[PDB]
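Undergrad: Structure in structure tokens, see below.
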Amino acid sequence: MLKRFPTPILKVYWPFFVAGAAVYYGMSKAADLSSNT
Amino acid sequence: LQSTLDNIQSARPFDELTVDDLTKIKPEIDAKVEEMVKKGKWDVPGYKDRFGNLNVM
Amino acid sequence: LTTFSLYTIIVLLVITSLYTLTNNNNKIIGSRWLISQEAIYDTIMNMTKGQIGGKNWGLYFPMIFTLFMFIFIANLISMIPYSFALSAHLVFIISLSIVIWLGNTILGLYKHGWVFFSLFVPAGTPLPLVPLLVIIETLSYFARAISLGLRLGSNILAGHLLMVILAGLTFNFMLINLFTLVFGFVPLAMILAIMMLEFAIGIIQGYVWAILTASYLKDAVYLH
Amino acid sequence: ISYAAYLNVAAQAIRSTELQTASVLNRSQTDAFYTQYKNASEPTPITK
Amino acid sequence: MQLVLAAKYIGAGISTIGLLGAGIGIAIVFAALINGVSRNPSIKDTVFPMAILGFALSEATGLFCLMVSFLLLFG
Amino acid sequence: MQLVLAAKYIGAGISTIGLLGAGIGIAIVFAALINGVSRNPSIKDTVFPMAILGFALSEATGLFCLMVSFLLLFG
Amino acid sequence: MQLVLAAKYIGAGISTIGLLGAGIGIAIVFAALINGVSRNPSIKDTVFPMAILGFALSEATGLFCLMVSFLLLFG
Amino acid sequence: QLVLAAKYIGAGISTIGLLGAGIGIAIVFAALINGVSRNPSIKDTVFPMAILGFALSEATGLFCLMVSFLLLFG
Amino acid sequence: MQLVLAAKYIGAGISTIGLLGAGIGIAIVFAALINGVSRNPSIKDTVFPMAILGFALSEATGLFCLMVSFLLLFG
Amino acid sequence: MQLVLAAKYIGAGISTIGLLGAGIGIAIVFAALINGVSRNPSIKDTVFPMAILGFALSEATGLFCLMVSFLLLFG
Amino acid sequence: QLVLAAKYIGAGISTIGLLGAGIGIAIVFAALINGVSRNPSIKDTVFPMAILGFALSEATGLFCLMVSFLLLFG
Amino acid sequence: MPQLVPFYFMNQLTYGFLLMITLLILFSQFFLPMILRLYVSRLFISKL
Amino acid sequence: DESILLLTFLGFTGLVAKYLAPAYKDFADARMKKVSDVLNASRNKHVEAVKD
Amino acid sequence: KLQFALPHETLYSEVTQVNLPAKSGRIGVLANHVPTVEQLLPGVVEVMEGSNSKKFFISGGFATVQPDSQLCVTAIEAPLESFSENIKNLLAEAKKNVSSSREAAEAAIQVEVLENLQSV
């Protein structure tokens with residue numbers, strides 16, 4: 001079951017991960033903006 | 001050769017059998033698995049000619 | 001706290017059980033429950049081998065599998081009549097779609113420089129409109145950004161609310177005059193048909209997500 | 001390939017249970033030659 | 001005030017028009033099935049999923065429309 | 001209220017428009033049935049349940065418009 | 001009331017629209033019939049029960065349209 | 001008052017746009033079934049294209065639908 | 001005034017109509033693609049980029065419509 | 001006044017409806033193109049100049065509708 | 001200003017008349033491509049026929065457009 | 001519904017993106033190559 | 001309102017257990033057999049080689 | 001009535017039901033039918049005169065309803081039973097070989113006949 005076979009998911013999915021991070025930060029500011037509504 | 005028959009007879013699976021027991025007698029299993037995920041494959045040839053590609057499309 | 005927070009936990013606990021408890025002694029024969037996840041594995045194996053088909057079809061097969069599985073499971077959980085907040089929590093779904101589109105855009109810019117925009121050159125055409133067809137190819141590339149997310153959100157949310165309005169109507173159908181009490185079952189059958197259909201189209205939508213966001217990656221990796 | 005050559009190959013294919021008479025077998029396998037000629041000299045009787 | 005409530009119910013009526021399209025779409029998919037079957041009847045087992053798929057997917061836009069109709073109508 | 005009630009009676013007519021799509025739809029399925037059957041002769045035994053299924057689904061989309069009409073008037 | 005009386009006459013007019021679709025539908029079944037019978041003229045006797053069914057179902061959506069008009073007009 | 005009425009009206013009109021996507025979807029799937037009946041075997045290439053065709057046809061209608069909710073509230 | 005503000009929102013709603021044509025448009029291109037390819041098999045290598053061009057233009061009609069809708073809606 | 005500025009916003013919305021005819025139109029030219037090319041394998045050299053001409057005027061009709069939208073809205 | 005208002009609304013309405021002609025123009029040229037691909041050689045005769053239908057279908061829309069300008073003026 | 005309209009959107013989205021990344025690593029390293037283990041084991045047995 | 005929906009859901013799970021669950025049982029069975037037969041056949045196959 | 005003549009042995013010279021696989025897909029003919037000319041593909045055929053049916057495996061040929069209502073069928077061979085399991089196995093092998101060793105058309109035919117054969 002849990003017996004890892006290494007996967008390169010840290011440079012293959014580096015452009016994917018970057019996109020996730022940007023929206024996460026923006027949603028912090030958005031949450032503060034949405035809590036004033 | 002008589003002994004050879006005995007060895008498969010005491011080790012004939014048919015319902016289940018840990019892939020770990022097969023791994024313990026052959027680490028070749030894990031070698032291929034690791035190599036294939038690295039390869040960007042998950043299709044290993046001959047798995048589709050006797051266990052299909054399990055799809056209708 | 002929020003229903004969404006609770007239901008994200010429920011999805012995780014289900015997924016662990018499908019690859020442990022379901023399997024009997026790592027069957028080399030396949031357990032009866034586990035047979036579903038064999039067929040899924042192979043038809044998404046052959047799908048991302050189809051769409052991108054690189055030496056990275058399998059490198060992006062886990063990504064396409066967790067994009068399959070999140071939406072596939074999250075359109076089963078929300079179907080419970082007092083559950084309603086995974087893909088009906090739209091703010092996660094639309095956001096996820098835009099993130100994937102951006103992760104294709106960044107990959108394309110990185111991999112193909114500032115001539116990523118040669119993807120948005122479709123091919124040769126009459127010279128006074130050559131820059132124009134770069135603009136309205138890039139627009140169509142970023143139509144993919146919101147189409148993918150908003151399809152899923154609208155479908156699932158609309159199904160649950162449609163059923164509830166009809167359920168409430170059948171309550172009042174069985175509270176008006178005695179001629180409607182007879183045939184108070186007739187609207188119930190309509191709600192039942194919708195419960196089947198809305199369940200079906202969510203499993204289709206999880207697969208539809210995972211083929212469409214393989215197609216966008218085909219565009220991004222292979223220019224023009 | 002002629003339409004009838006395509007069909008011929010199909011007729012040939014039909015003897016490939018097998019329950020095929022001598023006439024069937026002859027229609028599905030025979031040895032012959034087509035002796036091309038010229039406008040003059042004959043390019044050989046190369047298999048039909 | 002009455003104008004607001006009138007407009008709410010009017011808006012409901014307007015939305016309902018969208019359904020007509022989906023009804024035709026479903027029919028076209030079944031017409032295609034019948035013609036396909038008549039042209040090759042052994043196609044049927046592969047084709048039967050495709051027929052149902054086309055019906056559902058066509059229908060969905062109309063049901064989305066109906067949900068907007070119900071948002072206006074009931075809401 | 002007279003306005004809102006007037007909106008209902010007008011609105012009933014608006015929803016009623018949707019029925020046109022279903023009418024064309026039923027015909028499209030049946031037209032296909034006739035064409036396919038003329039090609040094969042004998043295909044009809046298999047195909048006739050499919051034709052009924054196709055009719056019911058197309059018709060249903062029409063009926064949703066009718067149900068909105070009755071929802072505005074009565075409901 | 002001017003609004004209500006107006007609403008009946010307007011709402012009646014709008015209701016009438018649905019029937020056009022059914023008209024087109026009837027023609028479609030007949031078109032298929034003629035082509036079908038040309039393709040096999042012995043198909044007519046089997047097909048004629050089916051044809052009347054397809055006609056009736058196509059017509060019904062139009063009929064319902066005319067009914068909502070009549071409910072306001074002649075209720 | 002009139003503005004409140006207006007936002008409800010604008011929402012109604014926008015909902016109609018979805019209709020076009022539904023017809024579009026049916027035409028693609030009809031062509032899939034027809035294609036597969038013509039070839040007996042086109043489906044492997046054609047099926048990806050058919051799902052793509054659903055998505056794009058749907059996408060235009062879906063734009064209408066988000067406009068409808070923006071209208072309905074706004 | 002109220003009427004001008006109303007007209008912004010309503011004008012946006014009316015604007016949204018053009019998108020329906022693009023939905024049908026894209027489908028017609030893809031249908032022809034499927035039909036041509038199913039008939040030929042091997043036409044596809046020429047026909048697929050040709051089809052994508054047809055798609056891009058049909059889609060564009062929808063996008064122009066959406067732009068105007070946003071200008072009316074927000075503006 | 002209020003009515004005229006309103007009428008500009010409303011009128012802009014109406015103008016956008018016109019584009020749909022070009023959207024479907026463009027698809028029809030491309031449908032015929034793909035069909036012809038799949039029949040021939042190779043008609044495209046003669047046919048492609050013809051196709052661009054037919055496309056252009058069909059498209060243009062949509063564009064006329066679009067420019068009228070801009071004229072009313074922007075002034 | 002009501003007369004002027006009606007003029008601006010009317011301008012919007014006129015675009016609708018054009019849509020049918022837009023489809024029509026494409027249909028004649030679609031026919032051109034269909035015919036030419038079917039025959040090959042018909043094209044030299046057939047191309048005048050195609051142009052005629054194309055133009056005529058457009059012309060119906062042109063009448064609607066002329067009325068748009070006429071409306072705009074009054 | 002109150003549970004479907006907080007302003008806790010970033011809180012929600014935090015738990016959401018955590019679930020995706022977790023499943024991505026988990027699938028990729030553990031459970032997907034373990035399905036290829038079933039396949040390969042069956043296939044190596046298939047050879048012998 | 002929603003108690004009507006819960007009755008519908010109960011009907012839904014009933015229909016599934018009638019039609020889909022035996023079909024999925026059968027689906028599972030069919031596949032299970034195929035895997036087993038291949039696996040054991042191959043074990044047999046090398047046993048033949050031993051005898052040879 | 002119904003011609004179904006073969007060169008090595010002519011079979012027959014319309015009958016109530018004929019079921020044919022043609023380059024029009026599959027067609028069934030009952031009574032009058034429009035006076036087609038269709039290439040018969042390699043086929044699994046049923047010919048019925050009354051309810052009684054004689055079943056033919058046909059090497060493809062031509063089918064032609066005449067405007068004098070004669071369904072002229074010509075084939076190089078036309079029983080179904082005569083063609084066929086062992087034949088299916090051999091044809092499968094032959095189908096593979098022909099692909100490697102006009103070759104396109106031949107291999108296509110081997111596959112086509114193999115599929116039609118499986119139907120028997």
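In the structure tokens, the first chain shown is A, the next is B, and so on; residue numbers restart at 1 for each chain, and ligands run from 1 in the order shown.
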Could you build a table of the residues in chain F lying no more than 12 Å from chain H, giving for each the nearest pair of atoms and their separation in Å rounded to one decimal place, using only C-alpha atoms, ordered by chain and ascending residue number, as JSON lines?

TA:
```
{"residue": "F:4", "atom": "CA", "partner": "H:5", "partner_atom": "CA", "distance": 11.9}
{"residue": "F:14", "atom": "CA", "partner": "H:12", "partner_atom": "CA", "distance": 11.9}
{"residue": "F:18", "atom": "CA", "partner": "H:19", "partner_atom": "CA", "distance": 11.3}
{"residue": "F:21", "atom": "CA", "partner": "H:19", "partner_atom": "CA", "distance": 11.1}
{"residue": "F:25", "atom": "CA", "partner": "H:23", "partner_atom": "CA", "distance": 11.8}
```

Undergrad: Using only C-alpha atoms and a cut-off of 10 Å, which residues of chain H sit close to chain N? Please list them as a ChimeraX atom specification.

TA: /H:37-40

Undergrad: Those selected residues, please, written with N, CA and C atoms and delivered as a short mmCIF file (atom, residue, chain, number, x, y, z; two decimals), in the first residue's frame.

TA:
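Generated output (again-v9.cif):
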```cif
data_model
loop_
_atom_site.label_atom_id
_atom_site.label_comp_id
_atom_site.auth_asym_id
_atom_site.auth_seq_id
_atom_site.Cartn_x
_atom_site.Cartn_y
_atom_site.Cartn_z
N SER H 37 -21.31 4.63 -37.04
CA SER H 37 -22.09 3.76 -37.89
C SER H 37 -21.61 3.75 -39.33
N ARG H 38 -21.01 4.85 -39.83
CA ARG H 38 -20.44 4.91 -41.16
C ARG H 38 -19.19 4.09 -41.29
N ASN H 39 -18.23 4.27 -40.37
CA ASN H 39 -16.95 3.60 -40.40
C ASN H 39 -16.96 2.18 -39.84
N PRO H 40 -17.88 1.83 -38.94
CA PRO H 40 -17.60 0.89 -37.87
C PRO H 40 -16.39 1.03 -36.98
#
```

Undergrad: Go ahead and align chain K to chain H (same sequence, so just pair every C-alpha in order, least squares) and export the moved chain as a compact mmCIF listing (two decimals) with N, CA and C atoms, in the first residue's frame.

TA:
```txt
# COMPACT_ATOMS: atom_id res chain seq x y z
N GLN K 1 -36.67 50.67 -6.99
CA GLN K 1 -36.94 49.23 -7.25
C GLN K 1 -36.85 48.90 -8.71
N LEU K 2 -36.77 49.91 -9.61
CA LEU K 2 -36.65 49.76 -11.04
C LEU K 2 -35.40 49.03 -11.45
N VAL K 3 -34.27 49.29 -10.75
CA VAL K 3 -33.00 48.64 -10.98
C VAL K 3 -33.10 47.16 -10.68
N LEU K 4 -33.82 46.81 -9.59
CA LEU K 4 -34.08 45.46 -9.16
C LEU K 4 -35.01 44.73 -10.09
N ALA K 5 -36.04 45.45 -10.59
CA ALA K 5 -37.05 44.97 -11.51
C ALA K 5 -36.40 44.50 -12.78
N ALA K 6 -35.49 45.35 -13.32
CA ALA K 6 -34.74 45.13 -14.54
C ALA K 6 -33.89 43.91 -14.43
N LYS K 7 -33.34 43.67 -13.22
CA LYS K 7 -32.61 42.49 -12.86
C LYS K 7 -33.43 41.22 -13.01
N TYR K 8 -34.70 41.17 -12.52
CA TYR K 8 -35.57 40.02 -12.63
C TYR K 8 -36.04 39.71 -14.04
N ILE K 9 -36.32 40.76 -14.84
CA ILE K 9 -36.64 40.66 -16.25
C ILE K 9 -35.48 40.06 -16.99
N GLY K 10 -34.27 40.60 -16.70
CA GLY K 10 -33.00 40.26 -17.28
C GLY K 10 -32.66 38.81 -17.09
N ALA K 11 -33.02 38.26 -15.90
CA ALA K 11 -32.86 36.88 -15.53
C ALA K 11 -33.60 35.99 -16.48
N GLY K 12 -34.87 36.37 -16.79
CA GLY K 12 -35.70 35.70 -17.75
C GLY K 12 -35.06 35.66 -19.12
N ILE K 13 -34.56 36.82 -19.59
CA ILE K 13 -33.94 37.02 -20.90
C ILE K 13 -32.75 36.11 -21.13
N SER K 14 -31.93 35.87 -20.09
CA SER K 14 -30.71 35.11 -20.15
C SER K 14 -30.88 33.67 -20.58
N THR K 15 -32.05 33.04 -20.28
CA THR K 15 -32.35 31.67 -20.66
C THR K 15 -32.30 31.46 -22.15
N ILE K 16 -32.64 32.51 -22.93
CA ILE K 16 -32.65 32.50 -24.38
C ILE K 16 -31.27 32.19 -24.93
N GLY K 17 -30.20 32.78 -24.34
CA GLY K 17 -28.84 32.55 -24.79
C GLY K 17 -28.42 31.11 -24.77
N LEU K 18 -28.90 30.36 -23.75
CA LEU K 18 -28.65 28.95 -23.56
C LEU K 18 -29.18 28.05 -24.65
N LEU K 19 -30.33 28.38 -25.29
CA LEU K 19 -31.02 27.49 -26.20
C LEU K 19 -30.16 27.00 -27.34
N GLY K 20 -29.32 27.89 -27.93
CA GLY K 20 -28.47 27.60 -29.07
C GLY K 20 -27.42 26.59 -28.74
N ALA K 21 -26.83 26.70 -27.53
CA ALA K 21 -25.82 25.79 -27.06
C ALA K 21 -26.40 24.42 -26.88
N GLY K 22 -27.69 24.33 -26.45
CA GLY K 22 -28.41 23.10 -26.22
C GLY K 22 -28.53 22.27 -27.46
N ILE K 23 -28.86 22.93 -28.59
CA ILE K 23 -28.93 22.35 -29.90
C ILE K 23 -27.55 21.90 -30.34
N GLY K 24 -26.54 22.78 -30.13
CA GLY K 24 -25.17 22.58 -30.52
C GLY K 24 -24.54 21.34 -29.94
N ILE K 25 -24.75 21.10 -28.62
CA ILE K 25 -24.22 19.97 -27.88
C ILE K 25 -24.65 18.67 -28.53
N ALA K 26 -25.95 18.61 -28.87
CA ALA K 26 -26.59 17.50 -29.53
C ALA K 26 -26.03 17.26 -30.89
N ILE K 27 -25.69 18.33 -31.64
CA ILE K 27 -25.15 18.25 -32.98
C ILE K 27 -23.80 17.57 -33.00
N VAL K 28 -22.90 17.86 -32.03
CA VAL K 28 -21.61 17.21 -32.00
C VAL K 28 -21.74 15.74 -31.74
N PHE K 29 -22.60 15.36 -30.77
CA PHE K 29 -22.85 13.97 -30.45
C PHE K 29 -23.63 13.23 -31.50
N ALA K 30 -24.50 13.93 -32.24
CA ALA K 30 -25.17 13.40 -33.40
C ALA K 30 -24.14 12.98 -34.42
N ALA K 31 -23.13 13.85 -34.63
CA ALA K 31 -22.01 13.63 -35.52
C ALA K 31 -21.18 12.47 -35.10
N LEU K 32 -20.97 12.30 -33.76
CA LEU K 32 -20.29 11.16 -33.19
C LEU K 32 -20.96 9.89 -33.60
N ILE K 33 -22.30 9.81 -33.43
CA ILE K 33 -23.05 8.62 -33.74
C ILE K 33 -23.06 8.33 -35.22
N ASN K 34 -23.17 9.38 -36.07
CA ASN K 34 -23.14 9.27 -37.51
C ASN K 34 -21.82 8.74 -38.00
N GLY K 35 -20.72 9.30 -37.47
CA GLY K 35 -19.38 8.96 -37.86
C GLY K 35 -19.04 7.56 -37.49
N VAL K 36 -19.32 7.20 -36.22
CA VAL K 36 -19.07 5.90 -35.64
C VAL K 36 -19.85 4.83 -36.35
N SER K 37 -21.12 5.10 -36.74
CA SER K 37 -21.93 4.13 -37.44
C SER K 37 -21.48 3.93 -38.86
N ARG K 38 -20.94 5.00 -39.48
CA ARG K 38 -20.44 4.96 -40.83
C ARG K 38 -19.15 4.18 -40.89
N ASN K 39 -18.16 4.50 -40.03
CA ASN K 39 -16.87 3.86 -40.02
C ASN K 39 -16.84 2.51 -39.33
N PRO K 40 -17.72 2.26 -38.36
CA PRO K 40 -17.31 1.57 -37.14
C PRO K 40 -16.13 2.09 -36.35
N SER K 41 -14.90 1.73 -36.77
CA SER K 41 -13.72 1.70 -35.96
C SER K 41 -13.12 3.03 -35.60
N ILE K 42 -13.59 4.14 -36.22
CA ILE K 42 -13.08 5.47 -35.99
C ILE K 42 -13.16 5.89 -34.54
N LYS K 43 -14.08 5.26 -33.77
CA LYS K 43 -14.58 5.67 -32.48
C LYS K 43 -13.54 6.01 -31.44
N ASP K 44 -12.40 5.29 -31.38
CA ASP K 44 -11.41 5.54 -30.35
C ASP K 44 -10.71 6.87 -30.55
N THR K 45 -10.45 7.26 -31.82
CA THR K 45 -9.91 8.54 -32.20
C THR K 45 -10.94 9.64 -32.10
N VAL K 46 -12.15 9.35 -32.64
CA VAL K 46 -13.24 10.27 -32.85
C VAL K 46 -13.94 10.67 -31.58
N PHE K 47 -13.97 9.79 -30.55
CA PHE K 47 -14.64 10.06 -29.30
C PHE K 47 -14.06 11.27 -28.58
N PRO K 48 -12.74 11.48 -28.47
CA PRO K 48 -12.17 12.74 -28.00
C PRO K 48 -12.63 13.97 -28.77
N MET K 49 -12.75 13.89 -30.12
CA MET K 49 -13.20 14.99 -30.96
C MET K 49 -14.62 15.40 -30.64
N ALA K 50 -15.50 14.39 -30.45
CA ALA K 50 -16.89 14.56 -30.09
C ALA K 50 -17.07 15.26 -28.78
N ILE K 51 -16.29 14.84 -27.76
CA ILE K 51 -16.32 15.39 -26.42
C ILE K 51 -15.92 16.84 -26.45
N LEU K 52 -14.90 17.17 -27.27
CA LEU K 52 -14.40 18.52 -27.39
C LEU K 52 -15.45 19.47 -27.91
N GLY K 53 -16.15 19.12 -29.02
CA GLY K 53 -17.17 19.96 -29.60
C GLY K 53 -18.37 20.14 -28.71
N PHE K 54 -18.78 19.05 -28.03
CA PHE K 54 -19.87 18.98 -27.08
C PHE K 54 -19.70 19.95 -25.95
N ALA K 55 -18.49 19.91 -25.33
CA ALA K 55 -18.10 20.75 -24.22
C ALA K 55 -18.04 22.20 -24.60
N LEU K 56 -17.47 22.49 -25.79
CA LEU K 56 -17.25 23.83 -26.29
C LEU K 56 -18.54 24.52 -26.61
N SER K 57 -19.48 23.78 -27.24
CA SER K 57 -20.79 24.28 -27.56
C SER K 57 -21.54 24.64 -26.30
N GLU K 58 -21.46 23.77 -25.26
CA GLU K 58 -21.99 24.03 -23.94
C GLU K 58 -21.43 25.28 -23.31
N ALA K 59 -20.10 25.50 -23.44
CA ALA K 59 -19.35 26.58 -22.83
C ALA K 59 -19.85 27.94 -23.22
N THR K 60 -20.32 28.10 -24.48
CA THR K 60 -20.89 29.33 -24.98
C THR K 60 -22.15 29.67 -24.20
N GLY K 61 -22.98 28.63 -23.94
CA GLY K 61 -24.16 28.71 -23.12
C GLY K 61 -23.83 29.01 -21.67
N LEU K 62 -22.71 28.44 -21.15
CA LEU K 62 -22.23 28.67 -19.80
C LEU K 62 -21.92 30.12 -19.56
N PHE K 63 -21.32 30.81 -20.55
CA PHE K 63 -21.05 32.23 -20.49
C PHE K 63 -22.34 33.02 -20.30
N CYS K 64 -23.41 32.65 -21.04
CA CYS K 64 -24.73 33.26 -20.91
C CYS K 64 -25.31 33.06 -19.53
N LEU K 65 -25.11 31.84 -18.95
CA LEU K 65 -25.56 31.44 -17.63
C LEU K 65 -24.85 32.20 -16.54
N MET K 66 -23.53 32.44 -16.71
CA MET K 66 -22.71 33.19 -15.79
C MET K 66 -23.17 34.63 -15.72
N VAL K 67 -23.53 35.19 -16.90
CA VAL K 67 -24.10 36.51 -17.04
C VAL K 67 -25.46 36.58 -16.38
N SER K 68 -26.25 35.48 -16.38
CA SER K 68 -27.53 35.39 -15.70
C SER K 68 -27.36 35.62 -14.22
N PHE K 69 -26.35 34.97 -13.60
CA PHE K 69 -26.04 35.12 -12.20
C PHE K 69 -25.54 36.51 -11.92
N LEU K 70 -24.69 37.05 -12.83
CA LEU K 70 -24.14 38.38 -12.74
C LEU K 70 -25.20 39.45 -12.75
N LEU K 71 -26.23 39.30 -13.62
CA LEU K 71 -27.43 40.09 -13.76
C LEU K 71 -28.29 40.04 -12.53
N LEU K 72 -28.48 38.81 -11.99
CA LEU K 72 -29.25 38.51 -10.81
C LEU K 72 -28.70 39.30 -9.65
N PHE K 73 -27.35 39.32 -9.52
CA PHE K 73 -26.65 40.12 -8.54
C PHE K 73 -26.65 41.59 -8.92
N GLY K 74 -26.65 41.93 -10.23
CA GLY K 74 -26.63 43.29 -10.69
C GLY K 74 -26.46 43.30 -12.21
```

Undergrad: For stretch 13-15 of chain L, find every residue with an atom within 8 Å (counting only C-alpha atoms), except residues of its own chain fewer than 2 positions away, and show them as a list in words.

TA: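 In the requested form, the answer reads residues 24 and 27 of chain A; 5, 8, 91 and 92 of chain C; 9, 10, 11, 17, 18 and 19 of chain L.
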
Undergrad: Find the residues around residue M:15 up to 12 Å (only C-alpha atoms counted), leave out those fewer than 4 positions away in its own chain, and share them as a PyMOL selection string.

TA: (chain C and resi 192-193+195-196) or (chain M and resi 8-11+19-22)

Undergrad: Could the residues in this selection be written to a file with C-alpha atoms, as a CSV table (one decimal), in the first residue's frame?

TA:
```csv
chain,number,residue,atom,x,y,z
C,192,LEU,CA,-36.4,10.2,-8.4
C,193,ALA,CA,-35.5,10.5,-12.1
C,195,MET,CA,-31.7,12.1,-8.5
C,196,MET,CA,-30.5,9.4,-10.9
M,8,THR,CA,-36.7,9.8,-2.9
M,9,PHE,CA,-33.1,9.0,-1.8
M,10,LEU,CA,-34.3,5.8,-0.1
M,11,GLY,CA,-36.0,4.8,-3.4
M,19,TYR,CA,-30.3,-3.4,-10.9
M,20,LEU,CA,-26.8,-1.9,-10.7
M,21,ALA,CA,-25.4,-3.8,-7.8
M,22,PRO,CA,-26.0,-7.3,-9.4
```

Undergrad: Could you pull the residues within 12 Å of residue F:34, counting only C-alpha atoms, minus those fewer than 6 positions along the same chain, as a ChimeraX atom specification?

TA: /E:31,34-35,38 /F:27-28,40-44,47-48,51 /G:28-41,43-54

Undergrad: For the helix (DSSP H, G or I) assignment from backbone DSSP, which residues of chain L qualify? Please present them as a PyMOL selection string.

TA: chain L and resi 9-47

Undergrad: List as a PDB file with N, CA and C atoms, in the first residue's frame the protein and nucleic acid residues near residue M:29, meaning an atom at most 10 Å away when only C-alpha atoms are counted, but skip any in the same chain fewer than 5 places from it.

TA:
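result.pdb written:
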```pdb
ATOM      1  N   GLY C  30      -7.654  -9.406  -8.175  1.00  0.00           N
ATOM      2  CA  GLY C  30      -8.432  -8.192  -8.094  1.00  0.00           C
ATOM      3  C   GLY C  30      -9.686  -8.436  -7.307  1.00  0.00           C
ATOM      4  N   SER C  31      -9.896  -7.628  -6.239  1.00  0.00           N
ATOM      5  CA  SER C  31     -11.060  -7.695  -5.385  1.00  0.00           C
ATOM      6  C   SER C  31     -12.222  -7.091  -6.111  1.00  0.00           C
ATOM      7  N   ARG C  32     -13.463  -7.469  -5.731  1.00  0.00           N
ATOM      8  CA  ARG C  32     -14.651  -7.128  -6.478  1.00  0.00           C
ATOM      9  C   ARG C  32     -14.924  -5.647  -6.508  1.00  0.00           C
ATOM     10  N   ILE C  35     -11.932  -3.805  -8.705  1.00  0.00           N
ATOM     11  CA  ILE C  35     -12.042  -3.980 -10.132  1.00  0.00           C
ATOM     12  C   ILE C  35     -12.464  -2.707 -10.821  1.00  0.00           C
TER      13      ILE C  35
ATOM     14  N   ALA M  23     -25.452  -6.091 -11.428  1.00  0.00           N
ATOM     15  CA  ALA M  23     -24.726  -5.919 -12.663  1.00  0.00           C
ATOM     16  C   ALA M  23     -23.255  -5.727 -12.391  1.00  0.00           C
ATOM     17  N   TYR M  24     -22.925  -4.943 -11.341  1.00  0.00           N
ATOM     18  CA  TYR M  24     -21.590  -4.646 -10.905  1.00  0.00           C
ATOM     19  C   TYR M  24     -20.962  -5.840 -10.239  1.00  0.00           C
ATOM     20  N   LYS M  34     -11.319 -13.878 -15.336  1.00  0.00           N
ATOM     21  CA  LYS M  34     -10.355 -13.707 -16.398  1.00  0.00           C
ATOM     22  C   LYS M  34      -8.942 -13.585 -15.894  1.00  0.00           C
TER      23      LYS M  34
END
```

Undergrad: Between atom CA of residue E:1 and atom CA of residue I:8, measure the distance and give it in Å to one decimal.

TA: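 Atom CA of residue I:8 lies at a distance of 20.5 Å from atom CA of residue E:1.
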
Undergrad: List as number ranges by chain the protein and nucleic acid residues near residue L:2, meaning an atom at most 12 Å away when only C-alpha atoms are counted, but skip any in the same chain fewer than 4 places from it.

TA: C: 1-4, 84-85, 89; L: 6-8
